[PDB]
Amino acid sequence: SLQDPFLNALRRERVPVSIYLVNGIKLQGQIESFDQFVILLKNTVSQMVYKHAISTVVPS
Amino acid sequence: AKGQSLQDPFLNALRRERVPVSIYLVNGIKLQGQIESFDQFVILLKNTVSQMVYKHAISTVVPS
Amino acid sequence: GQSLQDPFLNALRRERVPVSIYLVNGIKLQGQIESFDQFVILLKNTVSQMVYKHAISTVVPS
Amino acid sequence: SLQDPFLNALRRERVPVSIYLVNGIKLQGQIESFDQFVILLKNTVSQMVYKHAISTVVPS
Amino acid sequence: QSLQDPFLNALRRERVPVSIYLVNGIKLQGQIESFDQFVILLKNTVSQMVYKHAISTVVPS
Amino acid sequence: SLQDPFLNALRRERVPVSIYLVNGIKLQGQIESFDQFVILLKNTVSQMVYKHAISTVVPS
RNA sequence: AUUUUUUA
Ligand SMILES: Nc1ncnc2c1ncn2[C@@H]1O[C@H](COP(=O)(O)OP(=O)(O)O)[C@@H](O)[C@H]1O
Ligand SMILES: Nc1ncnc2c1ncn2[C@@H]1O[C@H](COP(=O)(O)OP(=O)(O)O)[C@@H](O)[C@H]1O
Ligand SMILES: Nc1ncnc2c1ncn2[C@@H]1O[C@H](COP(=O)(O)OP(=O)(O)O)[C@@H](O)[C@H]1O
Ligand SMILES: Nc1ncnc2c1ncn2[C@@H]1O[C@H](COP(=O)(O)OP(=O)(O)O)[C@@H](O)[C@H]1O
Ligand SMILES: [Mg+2]
Ligand SMILES: [Mg+2]
């Protein structure tokens, strides 16, 4: 897996990310955690985002 | 993390604590209600009535 | 923590409940649940139409 | 299965059908054949339609 | 795959110009160079790899 | 698999690529790596693109 | 373990 090391590194270092959704919505926050099918993105609140809804995960 | 170690406990906490949730769909529609039950593939969301939402249609689940 | 799909659809079918099936593109279909399997739901209104589950957002009584 | 008898009946009876795609396009023709993942729709030409792109198959 | 594979293989072997409609309505054109379970390689000016999950319809042009 | 050799050749030769997403957005960069589910695309940053959100990969 | 990252 490349996916898991990528997401874990972002999580560990609290890297600001943008998550672009397939419908054109852009979310921002930090990767709090993730598992097989979802990513927990935290900004003001923790929201569970389904991977099937995501196009890209983009660090800044 | 592996398997369902994030998703299942997240959804179960919402269900157990009867937390008002927003469920954003892939078409940008926001549903609201309480999580009555869920399985691997669907969530039963209760507001006025029970509706079966396919997880494949869901973008994001977050407390309201 | 068992399967929810077939019990939910079966109840709607058996009770003859008018349902709305919203698709992932927001289109709302209406009718009676006639039957269903692993992949599809047959929705009866003026005709029987076969709806792919992969395209369904929500099934709810109208 | 309910899918296979439904499509076989349309194919056998040469019923004019509408195939609605998830992107809102409506295709019309006759069910020529189908397998696990595709439906062949015949109008002036035979076109191969991926089931994943289809929302509903409706007699016209 | 008794329908899909022979349909695509006939297009490929006979080097038939095809149109591939994507789920976003974009129409690609070219000849099918090869395919596997998940992608189709489409050749026009260059070779591009098209994911089947993004394709609605394949038809001869 | 035709997919892996195609992506590997673009990666190894450091070919600038265009990745078109299913919503029509065009991403550009170099393929850094890929696995079953994702492609890591490098430009100003390394971003992770889910294959499910990709329509086409082509040299730019 | 009913297509919850995957040509129904
Ligand atoms: N996580 C998400 N997934 C899908 N759509 C979203 C998400 N967040 C917001 N949207 C959609 O983007 C649009 C603008 O969102 P915004 O007004 O910021 O949030 P809200 O409408 O919930 O207060 C709304 O149509 C909303 O449904
Ligand atoms: N659960 C759902 N899934 C997908 N689309 C939905 C859902 N609920 C409503 N919509 C769509 O969102 C748009 C606005 O909804 P709304 O006017 O509230 O419809 P309704 O009156 O049927 O609830 C409509 O196109 C509708 O079909
Ligand atoms: N056989 C088909 N399968 C899927 N989509 C189609 C088909 N034919 C047309 N479309 C879509 O519908 C839109 C308009 O159709 P049409 O007027 O026939 O354009 P064209 O002549 O370029 O196919 C196009 O943007 C195209 O993406
Ligand atoms: N292979 C493709 N897959 C998905 N979308 C595409 C593809 N080719 C073009 N598009 C969409 O159509 C638009 C116009 O096409 P074109 O001008 O050829 O692309 P470009 O943006 O590279 O100039 C693009 O901006 C893109 O949104
Ligand atoms: Mg079960
Ligand atoms: Mg999937």
# chains A, B, ... in the order shown; residues from 1 in each chain; ligands from 1

$ residues_around --residues "residue 55 in chain D" --least-positions-apart "2" --cutoff "10 Å" --atoms "only C-alpha atoms (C1' of nucleotides)" --output "list in words"
residues 23, 24, 25, 27, 40, 50, 51, 52, 53, 54, 55 and 56 of chain C; 19, 20, 21, 22, 23, 24, 51, 52, 53 and 57 of chain D

$ write_last_selection --atoms "C-alpha atoms" --output "PDB file, in the first residue's frame"
ATOM      1  CA  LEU C  23     -31.198   8.189  -7.288  1.00  0.00           C
ATOM      2  CA  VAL C  24     -27.641   9.438  -6.711  1.00  0.00           C
ATOM      3  CA  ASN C  25     -28.269  12.167  -9.323  1.00  0.00           C
ATOM      4  CA  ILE C  27     -34.014  11.961  -9.641  1.00  0.00           C
ATOM      5  CA  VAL C  40     -31.642  -4.493  -8.548  1.00  0.00           C
ATOM      6  CA  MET C  50     -35.615  -2.133 -13.052  1.00  0.00           C
ATOM      7  CA  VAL C  51     -33.456   0.124 -10.889  1.00  0.00           C
ATOM      8  CA  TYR C  52     -29.785  -0.689 -10.304  1.00  0.00           C
ATOM      9  CA  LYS C  53     -28.924  -0.516  -6.612  1.00  0.00           C
ATOM     10  CA  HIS C  54     -25.551   1.080  -7.491  1.00  0.00           C
ATOM     11  CA  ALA C  55     -27.527   4.127  -8.708  1.00  0.00           C
ATOM     12  CA  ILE C  56     -29.822   4.412  -5.660  1.00  0.00           C
TER      13      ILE C  56
ATOM     14  CA  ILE D  19     -32.065   3.036 -20.600  1.00  0.00           C
ATOM     15  CA  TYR D  20     -31.479   5.980 -18.270  1.00  0.00           C
ATOM     16  CA  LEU D  21     -27.869   6.704 -17.362  1.00  0.00           C
ATOM     17  CA  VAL D  22     -26.707   8.093 -14.033  1.00  0.00           C
ATOM     18  CA  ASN D  23     -25.598  11.303 -15.831  1.00  0.00           C
ATOM     19  CA  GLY D  24     -29.218  11.873 -16.935  1.00  0.00           C
ATOM     20  CA  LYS D  51     -24.214  -1.433 -16.259  1.00  0.00           C
ATOM     21  CA  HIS D  52     -22.329   0.727 -13.770  1.00  0.00           C
ATOM     22  CA  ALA D  53     -23.370   3.772 -15.855  1.00  0.00           C
ATOM     23  CA  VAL D  57     -34.149   0.178 -17.594  1.00  0.00           C
TER      24      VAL D  57
END

$ residues_around --residues "range 14-18 of chain B" --least-positions-apart "2" --cutoff "12 Å" --atoms "only C-alpha atoms (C1' of nucleotides)" --output "PyMOL selection string"
(chain A and resi 47-48) or (chain B and resi 7-12+20-23+33-39+43-47+61-64) or (chain C and resi 1)

$ residues_around --residues "residue 18 in chain D" --least-positions-apart "2" --cutoff "12 Å" --atoms "only C-alpha atoms (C1' of nucleotides)" --output "list in words"
residues 49 and 50 of chain C; 10, 15, 16, 20, 21, 24, 25, 26, 27, 28, 29, 30, 31, 41, 42, 43, 54, 55, 56, 57, 58, 59 and 60 of chain D

$ closest_atom_pairs --of "chain G" --to "chain A" --cutoff "12 Å" --atoms "only C-alpha atoms (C1' of nucleotides)" --output "tab-separated table"
residue	atom	partner	partner_atom	distance
G:3	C1'	A:52	CA	11.7
G:4	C1'	A:37	CA	6.5
G:5	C1'	A:37	CA	5.5
G:6	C1'	A:52	CA	10.6

$ residues_near_ligand --ligand "ligand 5" --cutoff "10 Å" --atoms "only C-alpha atoms (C1' of nucleotides) and all ligand atoms" --output "PDB file with C-alpha atoms (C1' of nucleotides), in the first residue's frame"
ATOM      1  CA  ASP B  39     -24.901  -2.493   8.345  1.00  0.00           C
ATOM      2  CA  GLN B  40     -21.953  -2.874   5.976  1.00  0.00           C
TER       3      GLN B  40
ATOM      4  CA  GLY C   1     -26.072  -5.955  13.676  1.00  0.00           C
ATOM      5  CA  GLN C   2     -27.493  -8.081  10.846  1.00  0.00           C
ATOM      6  CA  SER C   3     -28.311  -7.225   7.223  1.00  0.00           C
ATOM      7  CA  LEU C   4     -30.863  -4.438   6.933  1.00  0.00           C
ATOM      8  CA  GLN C   5     -31.561  -4.285   3.185  1.00  0.00           C
ATOM      9  CA  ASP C   6     -33.869  -7.196   2.470  1.00  0.00           C
TER      10      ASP C   6
ATOM     11  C1'   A G   1     -19.861 -12.160   3.874  1.00  0.00           C
ATOM     12  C1'   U G   2     -26.096  -8.101  -0.574  1.00  0.00           C
TER      13        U G   2
END

$ closest_atom_pairs --of "chain C" --to "ligand 2" --cutoff "12 Å" --atoms "only C-alpha atoms and all ligand atoms" --output "CSV"
residue,atom,partner,partner_atom_place_in_ligand_line,distance
C:19,CA,ligand 2,22 (O),11.0
C:20,CA,ligand 2,22 (O),8.0
C:21,CA,ligand 2,3 (N),8.0
C:22,CA,ligand 2,4 (C),4.7
C:23,CA,ligand 2,4 (C),5.5
C:24,CA,ligand 2,4 (C),5.4
C:25,CA,ligand 2,4 (C),6.6
C:26,CA,ligand 2,5 (N),3.7
C:27,CA,ligand 2,27 (O),5.0
C:28,CA,ligand 2,27 (O),4.7
C:29,CA,ligand 2,27 (O),8.5
C:30,CA,ligand 2,22 (O),10.2
C:55,CA,ligand 2,4 (C),10.1
C:56,CA,ligand 2,3 (N),7.9
C:57,CA,ligand 2,3 (N),4.8
C:58,CA,ligand 2,1 (N),4.7
C:59,CA,ligand 2,1 (N),7.5
C:60,CA,ligand 2,1 (N),8.0
C:61,CA,ligand 2,22 (O),10.8
C:62,CA,ligand 2,22 (O),8.4

$ write_last_selection --atoms "C-alpha atoms" --output "mmCIF file, in the first residue's frame"
data_model
loop_
_atom_site.group_PDB
_atom_site.id
_atom_site.type_symbol
_atom_site.label_atom_id
_atom_site.label_comp_id
_atom_site.auth_asym_id
_atom_site.auth_seq_id
_atom_site.Cartn_x
_atom_site.Cartn_y
_atom_site.Cartn_z
ATOM 1 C CA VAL C 19 -42.226 4.508 -1.961
ATOM 2 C CA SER C 20 -39.838 7.083 -3.301
ATOM 3 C CA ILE C 21 -36.509 5.835 -4.636
ATOM 4 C CA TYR C 22 -34.112 8.757 -4.948
ATOM 5 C CA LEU C 23 -31.198 8.189 -7.288
ATOM 6 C CA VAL C 24 -27.641 9.438 -6.711
ATOM 7 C CA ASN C 25 -28.269 12.167 -9.323
ATOM 8 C CA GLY C 26 -31.309 13.393 -7.356
ATOM 9 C CA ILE C 27 -34.014 11.961 -9.641
ATOM 10 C CA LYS C 28 -37.003 10.786 -7.573
ATOM 11 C CA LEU C 29 -38.738 7.578 -8.762
ATOM 12 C CA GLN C 30 -42.102 6.551 -7.267
ATOM 13 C CA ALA C 55 -27.527 4.127 -8.708
ATOM 14 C CA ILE C 56 -29.822 4.412 -5.660
ATOM 15 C CA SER C 57 -29.348 6.973 -2.924
ATOM 16 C CA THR C 58 -32.332 6.444 -0.632
ATOM 17 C CA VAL C 59 -35.442 4.298 -0.350
ATOM 18 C CA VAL C 60 -38.216 5.870 1.740
ATOM 19 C CA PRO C 61 -41.992 5.777 2.079
ATOM 20 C CA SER C 62 -43.578 8.661 0.093
#

$ interface_residues --of "chain E" --to "chain F" --cutoff "8 Å" --atoms "only C-alpha atoms" --output "JSON, numbers by chain"
{"E": [22, 23, 24, 34, 35, 36, 37, 38, 39, 46, 47, 48, 49, 50, 51, 53, 54, 55]}

$ write_last_selection --atoms "N, CA and C atoms" --output "tab-separated table (two decimals), in the first residue's frame"
chain	number	residue	atom	x	y	z
E	22	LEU	N	-17.95	9.04	-21.99
E	22	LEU	CA	-17.66	8.97	-20.58
E	22	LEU	C	-18.86	9.38	-19.76
E	23	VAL	N	-18.82	9.05	-18.47
E	23	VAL	CA	-19.95	9.31	-17.60
E	23	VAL	C	-20.21	10.81	-17.43
E	24	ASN	N	-19.23	11.66	-17.74
E	24	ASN	CA	-19.43	13.12	-17.68
E	24	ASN	C	-19.86	13.71	-19.02
E	34	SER	N	-5.85	-2.04	-26.93
E	34	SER	CA	-5.85	-3.17	-26.03
E	34	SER	C	-6.81	-2.86	-24.89
E	35	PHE	N	-7.15	-3.88	-24.12
E	35	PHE	CA	-7.95	-3.70	-22.93
E	35	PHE	C	-7.68	-4.83	-21.96
E	36	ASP	N	-8.03	-4.60	-20.70
E	36	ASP	CA	-8.00	-5.64	-19.69
E	36	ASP	C	-9.31	-5.61	-18.89
E	37	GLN	N	-9.32	-6.16	-17.69
E	37	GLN	CA	-10.57	-6.21	-16.95
E	37	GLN	C	-11.06	-4.82	-16.57
E	38	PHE	N	-10.13	-3.90	-16.37
E	38	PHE	CA	-10.46	-2.60	-15.79
E	38	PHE	C	-10.28	-1.37	-16.66
E	39	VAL	N	-9.40	-1.45	-17.66
E	39	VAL	CA	-9.13	-0.29	-18.51
E	39	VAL	C	-9.17	-0.62	-19.99
E	46	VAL	N	-2.34	10.07	-29.55
E	46	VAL	CA	-1.51	9.40	-28.55
E	46	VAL	C	-2.33	8.29	-27.90
E	47	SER	N	-1.68	7.44	-27.12
E	47	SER	CA	-2.37	6.36	-26.41
E	47	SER	C	-2.76	6.84	-25.02
E	48	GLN	N	-4.06	6.75	-24.71
E	48	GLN	CA	-4.55	7.12	-23.39
E	48	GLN	C	-5.24	5.94	-22.75
E	49	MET	N	-5.10	5.83	-21.44
E	49	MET	CA	-5.70	4.76	-20.68
E	49	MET	C	-7.01	5.25	-20.09
E	50	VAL	N	-8.10	4.56	-20.42
E	50	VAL	CA	-9.42	4.98	-19.96
E	50	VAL	C	-9.94	3.94	-18.98
E	51	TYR	N	-10.32	4.38	-17.78
E	51	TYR	CA	-10.91	3.47	-16.80
E	51	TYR	C	-12.34	3.12	-17.18
E	53	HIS	N	-14.67	2.29	-15.31
E	53	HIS	CA	-15.64	2.86	-14.36
E	53	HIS	C	-16.11	4.24	-14.77
E	54	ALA	N	-15.35	4.85	-15.68
E	54	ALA	CA	-15.66	6.19	-16.14
E	54	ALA	C	-16.39	6.15	-17.47
E	55	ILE	N	-16.56	4.95	-18.04
E	55	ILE	CA	-17.18	4.84	-19.39
E	55	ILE	C	-18.67	4.52	-19.29

$ interface_residues --of "chain B" --to "chain C" --cutoff "7 Å" --atoms "only C-alpha atoms" --output "PyMOL selection string"
chain B and resi 26-27+39+50-54+57

$ atom_distance --atom1 "CA of residue 45 in chain D" --atom2 "CA of residue 17 in chain D"
14.7 Å

$ residues_near_ligand --ligand "ligand 1" --cutoff "6 Å" --atoms "only C-alpha atoms (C1' of nucleotides) and all ligand atoms" --output "mmCIF file with N, CA, C and O atoms, in the first residue's frame"
data_model
loop_
_atom_site.group_PDB
_atom_site.id
_atom_site.type_symbol
_atom_site.label_atom_id
_atom_site.label_comp_id
_atom_site.auth_asym_id
_atom_site.auth_seq_id
_atom_site.Cartn_x
_atom_site.Cartn_y
_atom_site.Cartn_z
ATOM 1 N N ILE A 25 -16.941 19.628 -4.357
ATOM 2 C CA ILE A 25 -16.757 20.180 -3.011
ATOM 3 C C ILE A 25 -15.311 20.039 -2.528
ATOM 4 O O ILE A 25 -14.658 19.028 -2.777
ATOM 5 N N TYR B 24 -24.311 14.160 4.373
ATOM 6 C CA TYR B 24 -24.201 14.811 3.080
ATOM 7 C C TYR B 24 -24.065 13.761 2.013
ATOM 8 O O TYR B 24 -23.243 12.866 2.137
ATOM 9 N N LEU B 25 -24.876 13.882 0.967
ATOM 10 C CA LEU B 25 -24.856 12.905 -0.123
ATOM 11 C C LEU B 25 -23.932 13.356 -1.251
ATOM 12 O O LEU B 25 -23.532 14.528 -1.312
ATOM 13 N N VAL B 26 -23.579 12.431 -2.137
ATOM 14 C CA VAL B 26 -22.649 12.743 -3.234
ATOM 15 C C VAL B 26 -23.183 13.794 -4.207
ATOM 16 O O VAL B 26 -22.390 14.385 -4.942
ATOM 17 N N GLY B 28 -24.736 16.468 -3.114
ATOM 18 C CA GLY B 28 -24.685 17.720 -2.332
ATOM 19 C C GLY B 28 -25.887 17.910 -1.419
ATOM 20 O O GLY B 28 -25.964 18.880 -0.667
ATOM 21 N N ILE B 29 -26.837 16.985 -1.488
ATOM 22 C CA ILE B 29 -28.011 17.028 -0.633
ATOM 23 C C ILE B 29 -27.600 16.693 0.804
ATOM 24 O O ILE B 29 -26.797 15.794 1.024
ATOM 25 N N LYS B 30 -28.143 17.434 1.767
ATOM 26 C CA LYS B 30 -27.899 17.167 3.182
ATOM 27 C C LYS B 30 -29.150 16.564 3.823
ATOM 28 O O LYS B 30 -30.206 17.194 3.858
ATOM 29 N N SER B 59 -21.437 11.117 1.056
ATOM 30 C CA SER B 59 -20.126 11.739 1.110
ATOM 31 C C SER B 59 -19.610 11.794 2.539
ATOM 32 O O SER B 59 -18.518 11.307 2.813
ATOM 33 N N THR B 60 -20.376 12.399 3.443
ATOM 34 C CA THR B 60 -19.846 12.711 4.780
ATOM 35 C C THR B 60 -20.916 12.518 5.851
ATOM 36 O O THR B 60 -22.084 12.821 5.608
#

$ select_by_dssp --residues "chain B" --states "strand (DSSP E)" --output "JSON, numbers by chain"
{"B": [21, 22, 23, 24, 25, 30, 31, 32, 33, 34, 35, 36, 37, 38, 42, 43, 44, 45, 46, 50, 51, 52, 53, 54, 58, 59, 60, 61, 62, 63]}

$ residues_near_ligand --ligand "ligand 3" --cutoff "6 Å" --atoms "only C-alpha atoms (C1' of nucleotides) and all ligand atoms" --output "list in words"
residues 21, 25, 26, 27, 56 and 57 of chain E

$ residues_around --residues "residue 35 in chain C" --least-positions-apart "2" --cutoff "9 Å" --atoms "only C-alpha atoms (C1' of nucleotides)" --output "PDB file with C-alpha atoms, in the first residue's frame"
ATOM      1  CA  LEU C   9     -37.468  -3.696   1.234  1.00  0.00           C
ATOM      2  CA  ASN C  10     -39.536  -6.793   2.102  1.00  0.00           C
ATOM      3  CA  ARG C  13     -43.239  -4.728  -0.508  1.00  0.00           C
ATOM      4  CA  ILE C  33     -41.582  -2.356  -4.560  1.00  0.00           C
ATOM      5  CA  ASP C  37     -32.328  -9.100  -5.581  1.00  0.00           C
ATOM      6  CA  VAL C  40     -31.642  -4.493  -8.548  1.00  0.00           C
ATOM      7  CA  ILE C  41     -35.017  -3.330  -7.306  1.00  0.00           C
ATOM      8  CA  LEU C  42     -38.118  -3.656  -9.510  1.00  0.00           C
ATOM      9  CA  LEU C  43     -40.348  -0.611  -8.998  1.00  0.00           C
TER      10      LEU C  43
ATOM     11  CA  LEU D   2     -34.610 -10.815 -11.068  1.00  0.00           C
TER      12      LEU D   2
END

$ decode --residues "range 4-37 of chain E" --atoms "N, CA and C atoms" --output "CSV table (one decimal), in the first residue's frame"
chain,number,residue,atom,x,y,z
E,4,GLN,N,-19.1,-8.7,-23.6
E,4,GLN,CA,-18.1,-7.6,-23.6
E,4,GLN,C,-16.8,-7.8,-24.3
E,5,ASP,N,-16.2,-9.0,-23.9
E,5,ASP,CA,-14.9,-9.3,-24.5
E,5,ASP,C,-14.9,-9.5,-26.0
E,6,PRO,N,-15.9,-10.3,-26.6
E,6,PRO,CA,-15.9,-10.4,-28.0
E,6,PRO,C,-16.2,-9.0,-28.7
E,7,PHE,N,-17.1,-8.2,-28.1
E,7,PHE,CA,-17.5,-6.9,-28.7
E,7,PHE,C,-16.2,-6.1,-28.8
E,8,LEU,N,-15.5,-5.9,-27.7
E,8,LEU,CA,-14.3,-5.1,-27.7
E,8,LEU,C,-13.2,-5.7,-28.6
E,9,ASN,N,-13.0,-7.0,-28.5
E,9,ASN,CA,-12.0,-7.7,-29.3
E,9,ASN,C,-12.2,-7.5,-30.8
E,10,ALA,N,-13.5,-7.6,-31.2
E,10,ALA,CA,-13.8,-7.4,-32.7
E,10,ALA,C,-13.4,-6.0,-33.1
E,11,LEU,N,-13.8,-5.0,-32.3
E,11,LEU,CA,-13.4,-3.6,-32.5
E,11,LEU,C,-11.9,-3.4,-32.6
E,12,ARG,N,-11.2,-4.1,-31.7
E,12,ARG,CA,-9.7,-4.0,-31.6
E,12,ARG,C,-9.0,-4.7,-32.8
E,13,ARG,N,-9.4,-6.0,-33.1
E,13,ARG,CA,-8.8,-6.7,-34.2
E,13,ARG,C,-9.1,-6.2,-35.5
E,14,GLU,N,-10.3,-5.6,-35.7
E,14,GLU,CA,-10.6,-5.0,-37.0
E,14,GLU,C,-10.3,-3.5,-37.1
E,15,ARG,N,-9.7,-3.0,-36.1
E,15,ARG,CA,-9.1,-1.6,-36.0
E,15,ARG,C,-10.2,-0.6,-36.4
E,16,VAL,N,-11.4,-0.8,-35.9
E,16,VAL,CA,-12.6,0.0,-36.1
E,16,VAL,C,-12.5,1.3,-35.3
E,17,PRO,N,-12.7,2.4,-36.0
E,17,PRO,CA,-12.8,3.7,-35.2
E,17,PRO,C,-14.0,3.7,-34.3
E,18,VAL,N,-13.7,4.0,-33.0
E,18,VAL,CA,-14.8,3.9,-32.0
E,18,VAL,C,-15.0,5.2,-31.3
E,19,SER,N,-16.2,5.4,-30.7
E,19,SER,CA,-16.5,6.5,-29.8
E,19,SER,C,-16.7,5.9,-28.4
E,20,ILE,N,-16.0,6.5,-27.5
E,20,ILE,CA,-16.2,6.1,-26.1
E,20,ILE,C,-16.8,7.3,-25.3
E,21,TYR,N,-18.0,7.1,-24.9
E,21,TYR,CA,-18.7,8.2,-24.1
E,21,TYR,C,-18.4,8.0,-22.6
E,22,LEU,N,-17.9,9.0,-22.0
E,22,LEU,CA,-17.7,9.0,-20.6
E,22,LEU,C,-18.9,9.4,-19.8
E,23,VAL,N,-18.8,9.1,-18.5
E,23,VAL,CA,-19.9,9.3,-17.6
E,23,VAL,C,-20.2,10.8,-17.4
E,24,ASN,N,-19.2,11.7,-17.7
E,24,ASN,CA,-19.4,13.1,-17.7
E,24,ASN,C,-19.9,13.7,-19.0
E,25,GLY,N,-20.2,12.8,-20.0
E,25,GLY,CA,-20.6,13.3,-21.3
E,25,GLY,C,-19.6,13.5,-22.3
E,26,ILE,N,-18.3,13.5,-21.9
E,26,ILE,CA,-17.2,13.7,-22.9
E,26,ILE,C,-17.2,12.5,-23.8
E,27,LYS,N,-17.0,12.8,-25.1
E,27,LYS,CA,-16.9,11.8,-26.1
E,27,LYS,C,-15.4,11.6,-26.6
E,28,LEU,N,-14.8,10.5,-26.3
E,28,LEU,CA,-13.4,10.2,-26.8
E,28,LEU,C,-13.5,9.4,-28.1
E,29,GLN,N,-12.6,9.6,-29.1
E,29,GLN,CA,-12.6,8.8,-30.3
E,29,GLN,C,-11.2,8.3,-30.5
E,30,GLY,N,-11.1,7.1,-31.2
E,30,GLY,CA,-9.9,6.5,-31.6
E,30,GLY,C,-10.1,5.1,-31.9
E,31,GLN,N,-9.0,4.3,-31.8
E,31,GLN,CA,-9.0,2.9,-32.0
E,31,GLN,C,-8.6,2.2,-30.8
E,32,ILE,N,-9.2,1.1,-30.5
E,32,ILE,CA,-8.9,0.4,-29.3
E,32,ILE,C,-7.6,-0.4,-29.5
E,33,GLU,N,-6.6,-0.1,-28.8
E,33,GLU,CA,-5.3,-0.8,-28.9
E,33,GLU,C,-5.3,-2.1,-28.1
E,34,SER,N,-5.8,-2.0,-26.9
E,34,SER,CA,-5.9,-3.2,-26.0
E,34,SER,C,-6.8,-2.9,-24.9
E,35,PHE,N,-7.1,-3.9,-24.1
E,35,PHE,CA,-7.9,-3.7,-22.9
E,35,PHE,C,-7.7,-4.8,-22.0
E,36,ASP,N,-8.0,-4.6,-20.7
E,36,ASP,CA,-8.0,-5.6,-19.7
E,36,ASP,C,-9.3,-5.6,-18.9
E,37,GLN,N,-9.3,-6.2,-17.7
E,37,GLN,CA,-10.6,-6.2,-17.0
E,37,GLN,C,-11.1,-4.8,-16.6
